[PDB]
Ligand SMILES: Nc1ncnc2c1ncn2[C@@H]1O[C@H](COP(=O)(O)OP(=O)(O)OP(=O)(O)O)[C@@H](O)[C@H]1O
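Listed next as C-alpha cells is one chain, alone, in the form solved without this ligand.
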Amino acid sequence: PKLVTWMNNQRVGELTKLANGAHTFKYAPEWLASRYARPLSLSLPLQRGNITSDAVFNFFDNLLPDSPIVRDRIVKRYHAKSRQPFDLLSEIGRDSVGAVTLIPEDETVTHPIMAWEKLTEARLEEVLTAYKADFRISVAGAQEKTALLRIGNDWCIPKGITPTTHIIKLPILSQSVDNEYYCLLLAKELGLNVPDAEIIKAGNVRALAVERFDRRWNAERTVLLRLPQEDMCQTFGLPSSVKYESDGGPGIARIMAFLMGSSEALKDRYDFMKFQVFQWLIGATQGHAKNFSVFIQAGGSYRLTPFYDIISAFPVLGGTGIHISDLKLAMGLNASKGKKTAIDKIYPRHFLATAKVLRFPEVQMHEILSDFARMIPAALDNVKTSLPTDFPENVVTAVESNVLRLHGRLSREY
C-alpha cells in the first residue's frame, strides 16, 4: 500500500514499495504545479516519472533513527511488518523530522489537525523516563530523543497530525542533557545561530527541551506549520551510514561548495566556517553531515538552518581513558601533511590553510578567529552566570577550562 506524502496538508506525492522491494517515488502533477512546489529533497529534483534511484530509499531511510536496535523498539511498539524503512514509516510516519507527513494510501482518516493532551507533571515524568527502558512522531539523530508540543504553560502531547514544538532529549556521557544545554547557551552568546533550549524537570528525571526551528505557527495562530528541511546526508542522497566524513560522508569542501548555491550563500558559508572553529574550541566531535541542515524553499531554494545537536566531549576526560589528544573533529581541516582533525593539535594556521584551498575569504577567516579571540572570555561568564543553581559545575568547569586552553592559542595570535 502506497504511502501518500503530505507537506502541511498538501499532496506532494506517493512512496511506493514494489514487489521486488524497490522503493520509488512520484511527484503529484498537482504538486509540480503548486505555488508551494519544491522537491522533497534536493537529492530528488522535481520531475514527472517514477523516481527509482537509491536517493529515494536513502531519503526516507534518513527520517528514521540510526540505531538498528532502536528500530526494533519501534517494530515492537507499533507492531511493524519489518524494520524496513517503508514498513516503519507506515506506523510513525506522521510527525517525522523536516516537514513530511507519510500517511498510508488507504487511510484518509482525517486526523485532528490541532489536538493535544495537557500532560501532568507525572505523565511527563512517565513519558520522559519512558524512552530508556496518539504518539506517532519520528526524531532522527545520534542519541535517544522524543518530541513534545509546548502550549501556554503545559507540556502537551500531540494528537493526530498535530505538530510538536520541542525536541526533548533524555540523559544517555552521564549528563548529555546538561552538556548540550551549556553548549547551546554558549553558542548563542557568541552570535552563532542556534535554537533556544531549556531544561525540564519532571520528578526525578531531567530532560532537555530544544525549541524546533522547523516549526512555526501561522499568522492566525490557528495552525502549527512544519517547515521543510533536510540534513546533509539527504541533500546528497547518501545513507546515514556515511554521515561521518571518515566513513565517506561530506566534508568542508563538499558542504562549502553546496552552500554557494544558498539564497544566503555568502552569509551561510561564513557561518559554516565560523562553526568549524566553535566546534574546535568546545571540543565538539559530532559535527557529522546529519548535524547540518538546509531549509527547502519554494522553487528549490535553500539556506542553512540553525545549528543543533551540539555537545562538548570535554567532560569525558582524565578520570577515564579519554584524553584531549584523543578528540578529533568529524570534518577535517587542511594541514601541511594531508589533513588534520586532532583538536589538541589544531591551530589557527589550519583554519587558514583550509580557507586557502576552499578559497573562502582569507580576511573573513582572520575576522572569525579574531572575534572569538576577544569574545570567548566574556562569553563564558554570561553563560555561567546563567546556568541554573543546580547545574553540574564539573560540566561548566571541564568545558570552560578546556575552552580557555584552546582559546589561548587564539588570543596568542589575535
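A residue's number is simply how far along the shown sequence it sits, counting from 1.
Can you tell me how many deposited residues have no coordinates between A335 and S336? The categories are none, 1 to 3, 4 to 9, and 10 or more. Going from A335 to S336, the model skips no residues of the deposited sequence.
Greater mean Cα temperature factor according to the PDB record, 57-65 or 384-392: Higher mean C-alpha B-factor: 384-392.
Averaging only over Cα atoms, indicate whether 374-382 or 361-369 has the higher B-factor in the PDB entry. According to the entry, 374-382 carries the higher average C-alpha B-factor.
Criterion, highest CA B-factor; candidates, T164, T120, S301, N179: Each of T164, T120, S301, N179 was compared by C-alpha B-factor; the highest is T120.
Based on what the PDB entry reports, which of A253, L224, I137, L184 has the top C-alpha B-factor? Of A253, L224, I137, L184, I137 has the highest C-alpha B-factor.
For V277, return the chain-relative third of its C-alpha B-factor as stated in the PDB record: lowest, middle or highest. Tercile = lowest for this residue's CA B-factor.
Consider only the C-alpha atoms of the modelled residues in this chain, order them by B-factor as the entry records it, and name the third containing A398: lowest, middle or highest. CA B-factor rank for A398: middle third.
Position of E126 among the chain's modelled residues by C-alpha B-factor, lowest, middle or highest third: Its C-alpha B-factor belongs to the highest third of this chain's values.
Sorting by Cα B-factor within the chain, modelled residues only, which third would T101 end up in: lowest, middle or highest? According to the entry, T101 has a C-alpha B-factor in the chain's middle third.
Within this chain, which third does the Cα B-factor at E211 fall in: lowest, middle or highest? Middle third of the chain for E211's C-alpha B-factor.
The same protein has a further form, the form solved in complex with this ligand, not shown here; the description that follows concerns it.
Using the spot this ligand takes in the bound PDB entry, and overlaying the site C-alphas onto this chain, is the pocket open or blocked (blocked: 3 or more ligand atoms within 2.4 Å of backbone or C-beta atoms)? In the bound PDB entry, this ligand occupies a site that, on this form, turns out blocked once the ligand is superposed onto it.
Any idea which of 83-91, 104-112, 209-217, 269-277 reaches within 4.5 Å of this ligand in the bound PDB entry, heavy atoms considered? Correct option: 209-217.
Is the gap between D309 and this ligand in the bound PDB entry 4.5 Å or less for some heavy atom pair? Flag for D309 set to yes.
Any chance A202 has a heavy atom within 4.5 Å of this ligand in the bound PDB entry? Residue-level check for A202: no, no contact with this ligand.
Would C183 show up as a contact with this ligand in the bound PDB entry if we use heavy atoms at 4.5 Å? No - in the bound PDB entry, heavy atoms of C183 and this ligand never come within 4.5 Å of each other.
So in the bound PDB entry, does any heavy atom of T341 sit within 4.5 Å of this ligand? No, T341 is distant from the partner.
Residue among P171, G237, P250, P195 with a heavy atom within 4.5 Å of this ligand in the bound PDB entry: None of the others qualify; the residue that does is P195.
Exactly one residue in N334, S262, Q286, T162 has a non-hydrogen atom within 4.5 Å of this ligand in the bound PDB entry; which is it? By the 4.5 Å criterion, the partner-contacting residue is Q286.
Going through 144-177 from first to last, which residues have a non-hydrogen atom within 4.5 Å of this ligand in the bound PDB entry? Heavy-atom contacts within 4.5 Å come from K145, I167, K169.
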